[PDB]
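Only one chain is included here, represented as C-alpha cells and corresponding to the form deposited in one PDB entry.
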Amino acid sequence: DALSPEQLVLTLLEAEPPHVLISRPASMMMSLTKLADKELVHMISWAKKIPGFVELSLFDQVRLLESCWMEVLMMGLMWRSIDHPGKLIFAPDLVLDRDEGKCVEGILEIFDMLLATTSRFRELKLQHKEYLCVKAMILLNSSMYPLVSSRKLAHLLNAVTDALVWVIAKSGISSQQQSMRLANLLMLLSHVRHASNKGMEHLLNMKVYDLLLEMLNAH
C-alpha cells in the first residue's frame, strides 16, 4: 500500500533532504566538494526512506548508492536551479552563474550541460510530483548489475514508474501526450547520466568518494 501512487509521492515528499549550508569560513572546488560530502549524508537518509529500499539486500543498496550519488546530486541541483536560467543554485549560500565556471578548467563544460539540461526540464514544465518520482527512479535505475532481491528491485522500479505514469495521467492530457511526456522525461535521464559521468571523470582528474565509501561501510 505504501507503494501506491498517491501514497508513494507523499512519502517521497517527506523524505526530501534538508537545506545544506556549507558554511565557508581550488576554493570553488573546495566549496563544491565540502557540499557534496555534506549532501551525501542526507542522500543516504533519503534513500532509506524510499519504501522498500531498506529491504533490498544490503549488497544492492550499497551498489545503487555508490553509482547514483553524482546523478542524484545533479538532479537536485537542476531542480532548484530550474527557475533561474544562467545560474546554478547549489546551496543556500552557493549560487554560481555560468561564467564563474571559467575559473576552474573543464568545469565550464559541465556547467553548460547542467544548465542546458535544467533548461529542458523548465521547458517541459517539470512538476514537483514528477521530480519526486524521477529522482527516486535515478537511484533505482543507477546500476544494471543488481538487476541482471533482484525480483525486489524490479518491482520497486515498476512501482515508481507507475507513480510517474499516474502523476502524468492526472495531468488531464490526452493519451498520446501522456506517452510522449513519459518518453520525454525518461530521455532526459540519459542526459543526467551524461552530466554525471562528466563530473565523475573530472572529479577523479583532480589534485568525497572515499568519504562516501566510509558512509557506506557505516551503512
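Rigid core (definition): largest C-alpha set, two forms, superposition within 1.5 Å. Each residue number is its position in the shown sequence, starting from 1. Shifts are known only where both forms have a C-alpha.
Just so it is clear, the following notes concern the form solved in complex with a partner chain, a form of the same protein that is not shown.
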property: Contact residue in the deposited complex, from 21, 10, 211, 203 (heavy atom within 4.5 Å of its partner chain); result: 211
property: Residue 66: touches its partner chain in the deposited complex, heavy atom cutoff 4.5 angstroms; result: yes
property: Residue 50, heavy atom within 4.5 angstroms of its partner chain in the deposited complex; result: no
property: Distance check, residue 29 to its partner chain in the deposited complex, heavy atom within 4.5 Å; result: no
property: Close approach of residue 35 to its partner chain in the deposited complex, 4.5 Å, heavy atom; result: no
property: Comparison of CA distance in the deposited complex with shown form for residue 213, residue 56, at least 3 Å; result: farther
property: CA-CA separation of residue 108 and residue 213, closer or farther in the deposited complex than in the form shown [shift of 3 angstroms or more]; result: closer
property: Once both forms are overlaid on the core, stretches between the shown form and the other one of 3 or more residues with C-alpha shifts of 2 Å or more; result: 22-25, 142-148, 208-218
